[PDB]
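Next up: just one chain, as structure tokens, the form deposited in one PDB entry.
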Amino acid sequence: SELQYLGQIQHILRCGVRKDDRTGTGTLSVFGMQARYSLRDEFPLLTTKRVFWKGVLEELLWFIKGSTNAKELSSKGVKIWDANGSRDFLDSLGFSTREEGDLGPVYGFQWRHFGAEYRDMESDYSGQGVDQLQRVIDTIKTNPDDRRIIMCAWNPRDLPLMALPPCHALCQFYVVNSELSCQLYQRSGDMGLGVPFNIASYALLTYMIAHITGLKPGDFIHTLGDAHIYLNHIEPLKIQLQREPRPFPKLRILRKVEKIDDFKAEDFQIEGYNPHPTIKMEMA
């Protein structure tokens, strides 16, 4: 339910502590939160504020492809990673000789080629590294009671090579009574900008994997480490905090897909999405 996210926002606004951060902004921060969102006959796309669903779908397909090039996602119309891959930002991190748009070894590279030696974004890493995503799919297919169905994106060796280290760093899957659930550990949660996006992203991943493995989507457990509200997000969120939540939409997959790499953007349809208008919240 969306009241969990709204309650987390209210709790950070009422009990969070003022804390500096890597960017010039400030935050109201709280350490350690957990919410639960049902995936049964509904999709947790927030209704108190319109969420960039096209960005969610395109960025998840971009993760599944193992791509770390921000230009490949920007060509689809999703510019969420163009800022963290811009020339000025890479220069601000010392990567002066790094090609523009190369985010380094990030979510997709760790999902599909964990442990492989990262060269650049144009390299072909076929057959290299550890393919975590296909491993969790096969584990769900052959041993659903396994307690190690984990995809981890935190790689300390590749950490100083990343433009932005993973925020949703680890996720675990769980199967019971033909229901597939997913828990996400998010080390850093931009409650206004990034967190609803990550909620929808991992709910979509759970739907995809449940479609492939013949299971029904269960719950999505969102665990947060440093859940923070930026200052330029205080007044916007309060606006969102005074809107009546509407029922969640539904996600329908239009064709039967066997492999996760064969999913395309046209295979997904959002039904009954009636959100309140968007609320601009600038990135840090």
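What we label the rigid core is the largest C-alpha set whose atoms superpose within 1.5 Å from one form to the other. Residue indices: 1-based, along the sequence shown.
Chemist: Looking across the other entries that model both neighbours, is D124 missing in at least a third?
Modeler: Per the records, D124 is modelled in all the other entries.
Chemist: Of the other entries that cover residues on both sides, do at least a third skip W81?
Modeler: Yes: coordinates for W81 absent from at least a third of the compared entries.
Chemist: On average, which has the higher Cα B-factor in the deposited entry, 183 to 191 or 119 to 127?
Modeler: The stretch with the larger mean CA B-factor is 119 to 127.
Chemist: Got a sec? Mean C-alpha B-factor, which is higher, 221 to 229 or 253 to 261?
Modeler: It is 253 to 261.
Chemist: Please rank the C-alpha B-factors of the chain's modelled residues and tell me whether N177 sits in the lowest, middle or highest third.
Modeler: According to the entry, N177 has a C-alpha B-factor in the chain's highest third.
Chemist: Ranking the modelled residues of this chain by C-alpha B-factor as given in the entry, is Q34 in the lowest, middle or highest third?
Modeler: Lowest third of the chain for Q34's C-alpha B-factor.
Chemist: Looking at the C-alpha B-factor of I199, is it in the lowest, middle or highest third of its chain?
Modeler: Lowest third - that is where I199 ends up once the chain's C-alpha B-factors are sorted.
Chemist: Compare the C-alpha B factor of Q269 with those of the other modelled residues in its chain, then answer lowest, middle or highest third.
Modeler: It falls in the middle third of the chain.
Chemist: Can you work out whether the C-alpha temperature factor of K19 puts it in the lowest, middle or highest third of the chain?
Modeler: According to the entry, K19 has a C-alpha B-factor in the chain's highest third.
There is another form of this protein, the form deposited in another entry, and it is not shown here; the text below is about that form.
Chemist: Given a cut-off of 2 Å on Cα movement between this form and the one not shown, rigid core as reference, pick the single residue from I140, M151, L193, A163 that exceeds or meets it.
Modeler: Once the cores are aligned, the residue moving by 2 Å or more is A163.
Chemist: If you line up the core, does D120 shift 2 angstroms or more at its C-alpha between this form and the one not shown?
Modeler: It does, since the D120 C-alpha is displaced 2 Å or more between this form and the one not shown after the core fit.
Chemist: Which is it in the other form for the CA atoms of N155 and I199, closer or farther than here, knowing they shift by 3 Å or more?
Modeler: Closer together, which means the C-alphas of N155 and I199 are at least 3 Å nearer in the other form.
Chemist: Since the C-alpha distance between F63 and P156 changes by 3 Å or more in the other form, give its direction relative to the shown form: closer or farther.
Modeler: The answer is closer, because the C-alphas of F63 and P156 approach each other in the other form by 3 Å or more.
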